[PDB]
Each structure stands twice: as structure tokens, then as C-alpha cells.
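Notes for the one structure printed next.
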Amino acid sequence: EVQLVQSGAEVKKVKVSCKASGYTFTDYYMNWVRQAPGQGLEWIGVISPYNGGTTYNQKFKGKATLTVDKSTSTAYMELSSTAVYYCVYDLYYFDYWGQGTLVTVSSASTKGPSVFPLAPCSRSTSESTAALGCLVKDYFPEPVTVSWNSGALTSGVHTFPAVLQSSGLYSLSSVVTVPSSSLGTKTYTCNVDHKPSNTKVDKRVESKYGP
Amino acid sequence: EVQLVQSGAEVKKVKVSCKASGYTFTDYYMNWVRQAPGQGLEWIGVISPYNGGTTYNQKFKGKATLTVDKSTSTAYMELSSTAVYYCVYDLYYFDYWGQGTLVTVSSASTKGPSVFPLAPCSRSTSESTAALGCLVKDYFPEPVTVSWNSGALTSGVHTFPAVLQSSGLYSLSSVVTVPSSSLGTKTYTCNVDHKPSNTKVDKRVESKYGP
Amino acid sequence: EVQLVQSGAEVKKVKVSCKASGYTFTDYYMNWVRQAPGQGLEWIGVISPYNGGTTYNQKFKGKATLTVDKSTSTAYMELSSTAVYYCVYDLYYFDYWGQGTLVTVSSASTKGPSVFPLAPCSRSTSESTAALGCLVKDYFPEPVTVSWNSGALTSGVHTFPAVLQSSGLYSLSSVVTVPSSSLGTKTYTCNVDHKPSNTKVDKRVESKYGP
């Protein structure tokens, strides 16, 4: 079928590939469209494969520049300095969606997280099914991959989305689980593996000489 | 008459001058046109001298930018990163052709050649009018200037065009001559003078203790 | 027995080791002595192993400094900016000579040679047992190792000592052989292998379209 290969994830404080594959090129129109994270869809432009007919968006004619590579069926959209991006065909429709290409508008540097968890053994005060969770803090870029005891504890896992700091653009996540109070001799290690910084974080938390 | 001064030859991995001379400016339209090497003619654009009316080619509006210098009768076409270029007047016609401005789209560095000739004295095996020639290899940029014995031997000279390597963009030429076998006590020195690298190469080849 | 380990060959524009081995230390006196190349023997000094009793030469008290390392049976002679060096014991005698430690006073840089040979096939003019030889030129440091046809031709080999240039302190050697004139279909390749620059040179020479 009409299948696409997009590339790729980038961090900039800018070309985007869209490889056409599986069919006859110069039959369908490269149509770029973006989606701001957590937002609607913002159409960008349509270029013909016969020629670089621009017809951009009113708002996107400056930042976004679509180019044509009609020999080898890829096409390119370039950018000057925050969303995910898509290339579709069949300009009246939109049926031939690409991969999804996230670009960040970022100035942050690549860093591993600093997890500041609490994993008590459900013996905080008195509650039977008490919770615990890790505080995956100050990493860049996206994402972190968190597993409980190398992915052993799977029930009650509630991974929260990466809320982005206004501090240093170092987003924040937290994954929590709810064990029972009759599990006091069980540690639970969130295994945070921020792979674009190649940092692997393992945690647990103890008491403070209680009664 | 309407005579033009173009400038100039450049190597880039980009402004091009076209000086109008000999007549009254703002009477004829600066019209740029390129020719890919060994190809046809690709029209680019027409600017008025009254104002920068663009009307570029569909394909050339991004890479090529024509500007106007209507005070001093030159005009400029600028470029962002492979052909020869021409400026003509009289937009309905094309009668007032300029010089010819070659620009290379190049990444190679300026180097002298490495000639690996064969100049036997027409005594290879048995042939009366046997040939000899030099192998002008691995130079940049264009051209090399080859002369046989400081240009003494002029008959039989067959300079071949600079076939360009896909190796390091170091083009290759070869100039050959056909002397006779009763010229065994005559060396023939191709005098390869690659002037943009200021390298001067002189050659000859001997036998290998034959019979 | 009393056996010594000296170290080592150095090039300076400076400590010298002398490891005592095979016997009981503090029984014999470390006695340094040098030999300028192609010259006699110049005594330097005597240190006791009990203490650094200097008693240097009158001329060598400034440049040469002997030190003691009476724990681990080595001893050291240090130097400030051209000869070979020796450590001996038994100060009244001299029977316990060390290895030999060449130090050069040099400013030259490490370079491979540039051999400019002549290896004609004993057909220069008319002589039956005519000679040939390579011109091992402009190398640093010492030495070069030359072998004829990977050491095949061993008779008539006359390796000449490295005569040192006053040009750039790049010494010169030449190795020659005398084959016969009925060996015209035999090339002879001196295989010059300057190992401290790791350069391997192989040569031969042909005629010039003779009769």
C-alpha cells in the first residue's frame, strides 16, 4: 500500500524526512500537517510531485518550507526553530498518514533523571492497600522507561505523563503502585531507564526508626 | 554594443556578477539562464531594472535569488549550494548573452594532479605508428593544461575532457599522441600545468629491460 | 653472575637506568663511563651503594649527575642536553660492564628515509661483475635495516655505516652489491625498514632506452 517512513525525532533551540514507499510516486500529493501536543491538527501545505507548488498555510509560510525530491520518493519539510509532525497523501481526503515526527523547540541539554521516590512497604500509618511511587525528576529528553522490580509488579502501575518543567525544560514523570500492608518484607524498585542519556535508576525507601 | 562582464568562477560546497556595459541601462531586462554541463538550457528569471520584479522559474525560486543594482549597471543572482550561468537581455528574444559563469557544487579541495603516464617510444610490440599518452589523475579544480614537450608535438594530440571522479570529485583527463616507431630516441613530455593549484607536471616512461 | 640491565636509547635536544642483577647488592660500586662514537673511553664517576659519594670527573660534574637507588638495585645517571654510556662495577678493575646506552644530542625529528638508488642489471657500459647500490638518505633516528630481495642476495652486501648529515642531523647509509652482467633479468630490491619511523622502502632502477 501507500506506506510512509518519517524521520526523525530532533531537539533544536530543520529537515524532516517522509519516504514514500510501496506504490507509484507522482500519483499522490505530499501534504504536511502538524499536531501541537495535546491539541488539534494544524494543516501546513501541499506540494505536488511534479513541481514545488507551495500553497502553504498563511501562518506557516515563514517557518515551514516544503521541498521536493521527486527522484527518490522522499520529500522534505524544513523549519527554523515544539510539536509532532505528519505527512499525508490524497489532498482532498487524508488517508495515507505517516509515522509521526516529534520536534522540540529545545534549548535543554540531554540529562538523566533524579528520582526522589517514596516506596514504603504500605506501613505509613495504618492503611491496608497503601500506595508507593517514584518521583522521576529532571530528565531530558523524552522519555523515561520505568519498570517495577524489572517489570515484575505490573498491577496497580500508574505511569503519569511527563509534565514539563518551566524550570529548565526538564520534564517530570511519576509511576506509582498500590501494594498491601501484608507485604512489608518486599521492596519495590522502579527501574527508570532514560535511554537517550543512557541512565538507569533503581530505587527504594525505608522507614525512620518507627515504633 | 550591449556587452557584458560576468564574474566569476567559484567553488562552493553565492553572488554572480553581470556588468552591463556599452549602452543605456534601464532599457533592457536582466534575464538569467543556466546550462547544466552537457545539457540543455534552463531559464531562471527576469528582473526589471526599474524594480526587482522577480518572476522566477517555478523550480528556481528557492535556490536562485536575483537582485538589482540599478545605480551601477551590474546585477546579481545569488545562490545557496553545478552548472554554468548566463545573463541575457531582451526578454522576448535572447540576443545579448554574457560571458559564462561556471559554479561547482564543490566540496573538494584544490589539488594538483598525479599523472601516471605511458610514453613508450612506439616500440611496445611491433606497431609502426604506435601511441602514447599521459594519465592526468586526481586534480581539483578545473582545468589542467597539457602540452607535449612544451607544446612542440602538436600533431596527434587528443586531449580528452575532464571525466569527473565519483571518488573525491577529482576529475580525470588524458592527452594522447601517436608517434612512429622510428622515433625511439625521442622522449615526449606532457607538461601538465594545473594552475589553480600551481602544479607543473612533466613526464615520460621507459621500458623494462626488453630484448 | 654480575649482570646488568641498562635503559635506554633516548633522543634529547635525562636519566639512564642500570639494573644490578644476579648477585648481592652493596658489594660493588656503580661506576659510569661513556664512549663518544668512534672515540676512546671517558670515565665519569663512582658512587657507593652505601651513600651517594660523588667523586665525579672534573669535566662531568656539571652535566652528569649520578644518583643512588640502594633499595632496588638499579642506579641512575642523569644528564642535561651524543655518545654511548656504560655502567661497570669493581672500581679498581672494570669487569662488570653493562649493556650500552646510546643517547643522542638530538634536535632532529623521527623520519623515514628517502632512498635514491641505482640498481642497474650490471649493464652500465661493459663490465661483467658490475655493482649496484641503494642510497638510504634522510632518516632519523638510527638505524635503517636493509635487505636485498627480502634478504635473498647476501653475497657482495656491503652496508656502509650511517654517516650523519650536517644538514638536518638526518644520517645517511648506503648498501651495495656486485652481481654479474649475465643477470640482466634480475631486479635487486634493497628493503630499507626504518623501524623507529615504521617506514619500509623497496627499490630498483631501470635503463633509459639504451642501444
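Naming works like this for the C-alpha cells: A, B, ... for the chains as they're shown, residue 1 at the start of each chain, ligands 1 onward in shown order.
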Need to verify the contact set: residue 154 of chain B, 9 Å, only C-alpha atoms, exclusion of same-chain residues closer than 4 positions in sequence. Can you return it as a compact mmCIF listing (two decimals) with C-alpha atoms, in the first residue's frame?
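selection-v7.txt was written with the following content:
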```
# COMPACT_ATOMS: atom_id res chain seq x y z
CA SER B 147 51.48 20.37 -23.71
CA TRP B 148 53.79 17.85 -25.36
CA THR B 177 49.72 11.28 -29.16
```
- [ ] Can you pull out every residue within 6 Å of segment 126-132 of chain A, counting only C-alpha atoms, but drop anything in the same chain fewer than 2 positions away, and send it as JSON, numbers by chain?
- [x] {"A": [118, 119, 122, 176, 177, 178, 179, 180, 181]}
Selected residues written out with N, CA and C atoms, as a compact mmCIF listing (two decimals), in the first residue's frame:
```
# COMPACT_ATOMS: atom_id res chain seq x y z
N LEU A 118 9.18 7.71 47.06
CA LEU A 118 8.81 7.06 48.31
C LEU A 118 8.25 5.69 47.98
N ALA A 119 8.94 4.65 48.44
CA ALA A 119 8.43 3.28 48.41
C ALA A 119 8.37 2.71 49.83
N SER A 122 3.82 -0.15 52.59
CA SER A 122 2.40 0.02 52.93
C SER A 122 2.17 0.02 54.44
N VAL A 176 3.42 5.08 40.03
CA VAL A 176 3.00 4.68 41.37
C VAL A 176 2.36 3.30 41.31
N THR A 177 2.42 2.59 42.44
CA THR A 177 1.78 1.30 42.63
C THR A 177 1.16 1.23 44.01
N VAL A 178 0.16 0.37 44.15
CA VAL A 178 -0.55 0.19 45.41
C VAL A 178 -0.41 -1.27 45.83
N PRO A 179 0.56 -1.59 46.69
CA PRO A 179 0.60 -2.93 47.29
C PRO A 179 -0.21 -2.99 48.57
N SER A 180 -0.19 -4.12 49.26
CA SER A 180 -0.91 -4.28 50.52
C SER A 180 0.05 -4.19 51.71
N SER A 181 -0.54 -4.02 52.91
CA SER A 181 0.27 -3.86 54.12
C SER A 181 0.90 -5.16 54.57
```
Task: For residue 3 of chain A: contacts at 7 Å, only C-alpha atoms, fewer than 5 positions along chain excluded, given as a PyMOL selection string - done: chain A and resi 20-22
Those selected residues, please, written with N, CA and C atoms and delivered as a CSV table (one decimal), in the first residue's frame.
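Output file selection.csv is given in full below:
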```csv
chain,number,residue,atom,x,y,z
A,20,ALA,N,8.2,8.0,0.7
A,20,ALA,CA,7.1,7.3,0.1
A,20,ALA,C,7.6,5.9,-0.3
A,21,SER,N,6.7,4.9,-0.1
A,21,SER,CA,7.1,3.5,-0.3
A,21,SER,C,5.9,2.7,-0.6
A,22,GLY,N,6.0,1.7,-1.5
A,22,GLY,CA,5.0,0.7,-1.8
A,22,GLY,C,4.1,0.9,-2.9
```
TODO: Quick one: everything within 6 Å of residue 112 of chain B, counting only C-alpha atoms, minus sequence neighbours fewer than 3 positions away in the same chain. Send it as a PyMOL selection string.
DONE: chain B and resi 139+197+199
Grab the residues selected above and save them as a PDB file, in the first residue's frame with N, CA, C and O atoms.
```
ATOM      1  N   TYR B 139      43.052  15.754  -9.800  1.00  0.00           N
ATOM      2  CA  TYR B 139      43.255  17.183  -9.630  1.00  0.00           C
ATOM      3  C   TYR B 139      41.937  17.877  -9.335  1.00  0.00           C
ATOM      4  O   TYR B 139      40.859  17.355  -9.632  1.00  0.00           O
ATOM      5  N   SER B 197      45.990  25.122  -8.695  1.00  0.00           N
ATOM      6  CA  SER B 197      46.836  24.606  -7.630  1.00  0.00           C
ATOM      7  C   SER B 197      48.307  24.915  -7.855  1.00  0.00           C
ATOM      8  O   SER B 197      49.125  24.581  -6.990  1.00  0.00           O
ATOM      9  N   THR B 199      50.563  23.685  -9.949  1.00  0.00           N
ATOM     10  CA  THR B 199      51.364  22.472 -10.021  1.00  0.00           C
ATOM     11  C   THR B 199      51.726  22.198 -11.471  1.00  0.00           C
ATOM     12  O   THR B 199      50.865  22.273 -12.353  1.00  0.00           O
TER      13      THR B 199
END
```
TODO: Please identify every residue of chain A that has at least one atom no more than 10 Å from any atom of chain B, counting only C-alpha atoms, and report them as a VMD selection string.
DONE: chain A and resid 51 to 54 65 67 to 68
Task: All residues 7 Å or closer to segment 156-164 of chain C, only C-alpha atoms, same chain fewer than 5 positions away omitted, as an MDAnalysis selection string - done: chainID C and resid 169:178
Task: Closest of C:33, C:11, C:135, C:144 to residue 81 of chain C - atom-to-atom distances counting only C-alpha atoms - done: C:11
TODO: Write down as number ranges by chain the residues belonging to segment 5-170 of chain B that are assigned strand (DSSP E) by DSSP computed on the backbone.
DONE: B: 5-7, 10-11, 16-21, 30-35, 41-47, 64-68, 74-79, 83-88, 101-104, 132-139, 158-159
Open item on the list: Report as a VMD selection string all protein, DNA and RNA residues lying within 6 Å of residue 146 of chain C, evaluated on only C-alpha atoms, omitting residues in the same chain fewer than 2 positions from it.
Closed with: chain C and resid 190 to 192
